[PDB]
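What's in run-v3.pdb: PDB, C-alpha atoms (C1' of nucleotides)
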MODEL        1
ATOM      1  CA  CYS A   1      60.220  23.042-132.905
ATOM      2  CA  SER A   2      62.006  20.371-134.937
ATOM      3  CA  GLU A   3      64.977  20.374-132.550
ATOM      4  CA  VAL A   4      62.584  19.875-129.640
ATOM      5  CA  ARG A   5      61.043  16.960-131.559
ATOM      6  CA  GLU A   6      64.340  15.123-132.045
ATOM      7  CA  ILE A   7      65.290  15.940-128.438
ATOM      8  CA  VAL A   8      62.170  14.275-127.031
ATOM      9  CA  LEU A   9      62.536  11.410-129.522
ATOM     10  CA  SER A  10      66.122  10.678-128.458
ATOM     11  CA  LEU A  11      65.316  11.098-124.758
ATOM     12  CA  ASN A  12      62.510   8.545-124.983
ATOM     13  CA  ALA A  13      64.729   6.283-127.105
ATOM     14  CA  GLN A  14      67.301   6.140-124.308
ATOM     15  CA  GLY A  15      64.545   5.542-121.755
ATOM     16  CA  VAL A  16      64.111   8.666-119.631
ATOM     17  CA  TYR A  17      60.745  10.388-119.293
ATOM     18  CA  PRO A  18      60.886  13.419-121.635
ATOM     19  CA  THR A  19      59.629  16.395-119.634
ATOM     20  CA  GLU A  20      59.807  20.114-120.339
ATOM     21  CA  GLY A  21      62.684  20.642-117.912
ATOM     22  CA  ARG A  22      64.741  17.733-119.221
ATOM     23  CA  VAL A  23      64.213  18.807-122.841
ATOM     24  CA  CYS A  24      65.171  22.377-121.915
ATOM     25  CA  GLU A  25      68.338  21.265-120.105
ATOM     26  CA  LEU A  26      69.841  19.902-123.361
ATOM     27  CA  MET A  27      68.930  22.743-125.734
ATOM     28  CA  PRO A  28      71.134  25.842-125.994
ATOM     29  CA  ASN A  29      68.508  28.560-125.340
ATOM     30  CA  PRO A  30      66.103  27.052-122.787
ATOM     31  CA  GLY A  31      63.695  29.981-122.823
ATOM     32  CA  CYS A  32      62.109  29.626-126.253
ATOM     33  CA  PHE A  33      59.190  27.691-124.737
ATOM     34  CA  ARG A  34      57.490  31.036-124.064
ATOM     35  CA  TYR A  35      56.558  30.891-127.756
ATOM     36  CA  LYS A  36      52.985  29.617-128.057
ATOM     37  CA  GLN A  37      54.066  27.007-130.638
ATOM     38  CA  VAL A  38      57.271  25.384-129.340
ATOM     39  CA  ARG A  39      55.508  24.166-126.195
ATOM     40  CA  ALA A  40      52.619  23.016-128.381
ATOM     41  CA  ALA A  41      55.077  21.065-130.539
ATOM     42  CA  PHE A  42      56.653  19.451-127.465
ATOM     43  CA  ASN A  43      53.246  18.446-126.095
ATOM     44  CA  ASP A  44      52.194  17.128-129.512
ATOM     45  CA  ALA A  45      55.340  14.995-129.727
ATOM     46  CA  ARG A  46      54.743  13.659-126.213
ATOM     47  CA  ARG A  47      51.141  12.770-127.080
ATOM     48  CA  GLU A  48      52.240  11.179-130.367
ATOM     49  CA  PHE A  49      54.662   8.906-128.518
ATOM     50  CA  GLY A  50      52.182   8.582-125.639
ATOM     51  CA  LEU A  51      53.956  10.741-123.024
TER      52      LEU A  51
ATOM     53  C1'  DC B   1     -41.513 -52.236  12.418
ATOM     54  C1'  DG B   2     -36.967 -53.585  11.660
ATOM     55  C1'  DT B   3     -33.264 -54.041   8.419
ATOM     56  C1'  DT B   4     -30.472 -52.830   4.109
ATOM     57  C1'  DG B   5     -28.889 -50.461   0.366
ATOM     58  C1'  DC B   6     -28.663 -45.732  -1.730
ATOM     59  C1'  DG B   7     -28.014 -40.907  -1.991
ATOM     60  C1'  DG B   8     -27.496 -35.667  -0.232
ATOM     61  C1'  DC B   9     -24.394 -32.597   2.980
ATOM     62  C1'  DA B  10     -20.645 -30.858   4.774
ATOM     63  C1'  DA B  11     -16.358 -31.119   7.102
ATOM     64  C1'  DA B  12     -11.766 -33.716   6.076
ATOM     65  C1'  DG B  13      -8.275 -35.376   3.221
ATOM     66  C1'  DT B  14      -5.149 -34.947  -0.616
ATOM     67  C1'  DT B  15      -2.545 -32.267  -4.569
ATOM     68  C1'  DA B  16      -1.068 -28.165  -6.399
ATOM     69  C1'  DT B  17       0.843 -23.257  -6.678
ATOM     70  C1'  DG B  18       2.781 -19.014  -5.698
ATOM     71  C1'  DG B  19       5.022 -16.617  -1.397
ATOM     72  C1'  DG B  20       8.828 -16.080   2.694
ATOM     73  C1'  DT B  21      13.030 -17.353   5.305
ATOM     74  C1'  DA B  22      17.404 -19.379   7.008
ATOM     75  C1'  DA B  23      21.062 -22.526   5.193
ATOM     76  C1'  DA B  24      23.539 -25.629   2.309
ATOM     77  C1'  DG B  25      25.854 -25.191  -1.955
ATOM     78  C1'  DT B  26      28.516 -22.709  -6.065
ATOM     79  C1'  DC B  27      31.940 -20.737  -8.085
ATOM     80  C1'  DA B  28      35.777 -16.855  -9.383
ATOM     81  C1'  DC B  29      39.754 -14.057  -7.278
ATOM     82  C1'  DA B  30      43.855 -16.128  -8.505
ATOM     83  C1'  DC B  31      48.234 -11.047 -15.300
ATOM     84  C1'  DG B  32      45.481 -11.370 -19.333
ATOM     85  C1'  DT B  33      41.114 -11.468 -24.534
ATOM     86  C1'  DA B  34      40.882  -9.153 -28.636
ATOM     87  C1'  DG B  35      43.819 -10.231 -32.700
ATOM     88  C1'  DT B  36      45.034 -11.481 -37.864
ATOM     89  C1'  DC B  37      44.913 -12.851 -42.812
ATOM     90  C1'  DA B  38      41.807 -12.847 -47.018
ATOM     91  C1'  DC B  39      39.012 -10.395 -49.950
ATOM     92  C1'  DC B  40      37.931  -7.479 -54.542
ATOM     93  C1'  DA B  41      36.532  -2.711 -56.242
ATOM     94  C1'  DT B  42      37.937   2.157 -57.112
ATOM     95  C1'  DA B  43      41.294   6.326 -57.434
ATOM     96  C1'  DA B  44      45.597   7.530 -59.190
ATOM     97  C1'  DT B  45      49.592   8.095 -61.109
ATOM     98  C1'  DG B  46      53.382   7.190 -64.284
ATOM     99  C1'  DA B  47      54.691   5.060 -68.246
ATOM    100  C1'  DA B  48      53.518   3.261 -73.178
ATOM    101  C1'  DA B  49      51.612   4.717 -76.896
ATOM    102  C1'  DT B  50      48.747   6.982 -80.037
ATOM    103  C1'  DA B  51      46.912   8.624 -84.518
ATOM    104  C1'  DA B  52      47.086  12.203 -86.511
ATOM    105  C1'  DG B  53      49.675  16.207 -87.629
ATOM    106  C1'  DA B  54      53.911  18.921 -89.358
ATOM    107  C1'  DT B  55      57.564  19.731 -92.050
ATOM    108  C1'  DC B  56      61.407  18.408 -95.662
ATOM    109  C1'  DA B  57      62.660  16.987-100.020
ATOM    110  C1'  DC B  58      61.794  15.891-104.793
ATOM    111  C1'  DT B  59      59.012  15.815-109.504
ATOM    112  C1'  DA B  60      56.255  17.479-112.755
ATOM    113  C1'  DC B  61      52.984  21.073-115.003
ATOM    114  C1'  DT B  62      51.655  25.353-116.529
ATOM    115  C1'  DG B  63      50.890  30.885-116.342
ATOM    116  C1'  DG B  64      53.265  34.419-118.317
ATOM    117  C1'  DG B  65      56.352  39.661-118.520
ATOM    118  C1'  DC B  66      60.741  42.704-119.173
ATOM    119  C1'  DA B  67      64.716  44.967-121.473
ATOM    120  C1'  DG B  68      64.831  46.398-125.858
ATOM    121  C1'  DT B  69      63.389  47.644-130.941
ATOM    122  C1'  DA B  70      60.959  50.484-134.373
ATOM    123  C1'  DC B  71      58.117  53.768-137.237
ATOM    124  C1'  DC B  72      55.178  57.857-138.397
ATOM    125  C1'  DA B  73      54.496  61.787-138.314
ATOM    126  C1'  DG B  74      52.992  66.747-135.356
ATOM    127  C1'  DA B  75      54.924  70.632-133.334
ATOM    128  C1'  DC B  76      57.988  74.029-131.149
ATOM    129  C1'  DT B  77      62.568  76.355-131.707
ATOM    130  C1'  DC B  78      65.956  78.723-134.223
ATOM    131  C1'  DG B  79      70.428  79.283-137.824
ATOM    132  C1'  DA B  80      70.612  81.736-141.767
ATOM    133  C1'  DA B  81      69.091  84.786-144.712
ATOM    134  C1'  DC B  82      65.514  88.595-146.993
ATOM    135  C1'  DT B  83      63.617  92.810-146.945
ATOM    136  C1'  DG B  84      61.450  97.353-145.478
ATOM    137  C1'  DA B  85      61.553 101.884-142.374
ATOM    138  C1'  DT B  86      64.619 105.179-140.699
ATOM    139  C1'  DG B  87      67.759 109.018-138.497
TER     140       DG B  87
ENDMDL
END

Is it possible to give me this structure as structure tokens?
Amino acid sequence: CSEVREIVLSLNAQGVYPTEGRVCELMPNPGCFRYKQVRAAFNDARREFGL
DNA sequence: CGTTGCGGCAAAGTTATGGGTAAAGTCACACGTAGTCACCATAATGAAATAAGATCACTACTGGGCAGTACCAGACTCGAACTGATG
């Protein structure tokens, strides 16, 4: 969940829209989002930065 | 009474009108009358075009299951051995 948080943070810092697919594409095991909390963490980070 | 003017009566005289008959005029036969633009509405296509419809391609969002792992016994089966009856 942390790693997803820095991934979305860096992606928005560069300028690209941080989506689920883009975040997955740069994380070694892009299937962990089936966990009911990692996706929640990603959505919470997006809402915190405003999506 | 003799004369003179006036008026009725009935042919007689003059116009007019619708008929008939010969005789002076009249006029077409002379290759010829049909013939020709101008006119604006309606059908009637064929082309021009439609306005919507159909499909491709991409982007993002969110359900959500499969190969595999793991335990706790219950229960049947049977090596291996124990032990009793017997001919």

What's the 10 Å shell around stretch 38-43 of chain A, counting only C-alpha atoms (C1' of nucleotides), without same-chain residues fewer than 4 positions away, as a ChimeraX atom specification? /A:1-8,18-20,23,32-34,47-51

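Going from atom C1' of residue B:61 to atom CA of residue A:12 covers 18.6 Å.
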
Could I get the residues of chain B with an atom no further than 12 Å from an atom of chain A, each paired with its nearest atom pair and that distance in Å to one decimal, using all atoms listed in the file, sorted by chain and residue number, as JSON lines?
{"residue": "B:59", "atom": "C1'", "partner": "A:19", "partner_atom": "CA", "distance": 10.2}
{"residue": "B:60", "atom": "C1'", "partner": "A:19", "partner_atom": "CA", "distance": 7.7}
{"residue": "B:61", "atom": "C1'", "partner": "A:20", "partner_atom": "CA", "distance": 8.7}
{"residue": "B:62", "atom": "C1'", "partner": "A:20", "partner_atom": "CA", "distance": 10.4}
{"residue": "B:63", "atom": "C1'", "partner": "A:34", "partner_atom": "CA", "distance": 10.2}
{"residue": "B:64", "atom": "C1'", "partner": "A:34", "partner_atom": "CA", "distance": 7.9}
{"residue": "B:65", "atom": "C1'", "partner": "A:34", "partner_atom": "CA", "distance": 10.3}

Could you write those residues out with C-alpha atoms (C1' of nucleotides), as an mmCIF file, in the coordinates of the input?
data_model
loop_
_atom_site.group_PDB
_atom_site.id
_atom_site.type_symbol
_atom_site.label_atom_id
_atom_site.label_comp_id
_atom_site.auth_asym_id
_atom_site.auth_seq_id
_atom_site.Cartn_x
_atom_site.Cartn_y
_atom_site.Cartn_z
ATOM 1 C "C1'" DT B 59 59.012 15.815 -109.504
ATOM 2 C "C1'" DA B 60 56.255 17.479 -112.755
ATOM 3 C "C1'" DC B 61 52.984 21.073 -115.003
ATOM 4 C "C1'" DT B 62 51.655 25.353 -116.529
ATOM 5 C "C1'" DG B 63 50.890 30.885 -116.342
ATOM 6 C "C1'" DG B 64 53.265 34.419 -118.317
ATOM 7 C "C1'" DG B 65 56.352 39.661 -118.520
#

For a test of reading the model, state the distance in Å between atom CA of residue A:46 and atom CA of residue A:14, rounded to one decimal. 14.8 Å

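When atom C1' of residue B:67 is paired with atom CA of residue A:29, their separation reads 17.3 Å.
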
Would you mind putting N, CA, C and O atoms back on stretch 5-23 of chain A and writing the result as a tab-separated table (two decimals), keeping the file's coordinate frame?
chain	number	residue	atom	x	y	z
A	5	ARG	N	61.59	18.27	-131.19
A	5	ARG	CA	61.04	16.96	-131.56
A	5	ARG	C	62.12	15.87	-131.53
A	5	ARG	O	61.92	14.80	-130.94
A	6	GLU	N	63.27	16.12	-132.17
A	6	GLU	CA	64.34	15.12	-132.04
A	6	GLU	C	64.85	14.99	-130.61
A	6	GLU	O	65.26	13.90	-130.22
A	7	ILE	N	64.81	16.06	-129.81
A	7	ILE	CA	65.29	15.94	-128.44
A	7	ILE	C	64.40	14.99	-127.65
A	7	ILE	O	64.89	14.08	-126.97
A	8	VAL	N	63.08	15.16	-127.75
A	8	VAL	CA	62.17	14.28	-127.03
A	8	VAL	C	62.25	12.86	-127.59
A	8	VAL	O	62.20	11.87	-126.84
A	9	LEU	N	62.41	12.73	-128.92
A	9	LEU	CA	62.54	11.41	-129.52
A	9	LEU	C	63.75	10.67	-128.97
A	9	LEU	O	63.64	9.51	-128.54
A	10	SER	N	64.91	11.32	-128.96
A	10	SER	CA	66.12	10.68	-128.46
A	10	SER	C	66.02	10.38	-126.97
A	10	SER	O	66.46	9.32	-126.50
A	11	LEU	N	65.44	11.31	-126.20
A	11	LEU	CA	65.32	11.10	-124.76
A	11	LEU	C	64.44	9.89	-124.45
A	11	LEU	O	64.77	9.08	-123.58
A	12	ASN	N	63.33	9.74	-125.17
A	12	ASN	CA	62.51	8.54	-124.98
A	12	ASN	C	63.21	7.30	-125.51
A	12	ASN	O	63.02	6.21	-124.95
A	13	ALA	N	64.01	7.43	-126.57
A	13	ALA	CA	64.73	6.28	-127.10
A	13	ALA	C	65.71	5.73	-126.08
A	13	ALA	O	65.86	4.51	-125.95
A	14	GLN	N	66.41	6.61	-125.36
A	14	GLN	CA	67.30	6.14	-124.31
A	14	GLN	C	66.51	5.51	-123.17
A	14	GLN	O	66.89	4.45	-122.66
A	15	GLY	N	65.41	6.14	-122.76
A	15	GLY	CA	64.54	5.54	-121.76
A	15	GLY	C	64.00	6.49	-120.71
A	15	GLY	O	63.10	6.12	-119.94
A	16	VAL	N	64.52	7.71	-120.65
A	16	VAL	CA	64.11	8.67	-119.63
A	16	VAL	C	62.77	9.28	-120.03
A	16	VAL	O	62.43	9.36	-121.21
A	17	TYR	N	62.01	9.71	-119.03
A	17	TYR	CA	60.74	10.39	-119.29
A	17	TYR	C	61.03	11.78	-119.85
A	17	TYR	O	61.65	12.59	-119.15
A	18	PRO	N	60.61	12.09	-121.07
A	18	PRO	CA	60.89	13.42	-121.64
A	18	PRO	C	59.91	14.46	-121.10
A	18	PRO	O	58.74	14.50	-121.49
A	19	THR	N	60.40	15.30	-120.20
A	19	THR	CA	59.63	16.40	-119.63
A	19	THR	C	60.14	17.72	-120.19
A	19	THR	O	61.15	17.78	-120.89
A	20	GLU	N	59.41	18.79	-119.86
A	20	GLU	CA	59.81	20.11	-120.34
A	20	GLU	C	61.17	20.51	-119.79
A	20	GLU	O	62.02	21.04	-120.53
A	21	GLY	N	61.41	20.27	-118.50
A	21	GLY	CA	62.68	20.64	-117.91
A	21	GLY	C	63.85	19.87	-118.50
A	21	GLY	O	64.90	20.43	-118.80
A	22	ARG	N	63.67	18.55	-118.66
A	22	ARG	CA	64.74	17.73	-119.22
A	22	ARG	C	65.04	18.12	-120.66
A	22	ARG	O	66.20	18.19	-121.06
A	23	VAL	N	64.00	18.37	-121.46
A	23	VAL	CA	64.21	18.81	-122.84
A	23	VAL	C	64.92	20.16	-122.87
A	23	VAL	O	65.81	20.39	-123.69
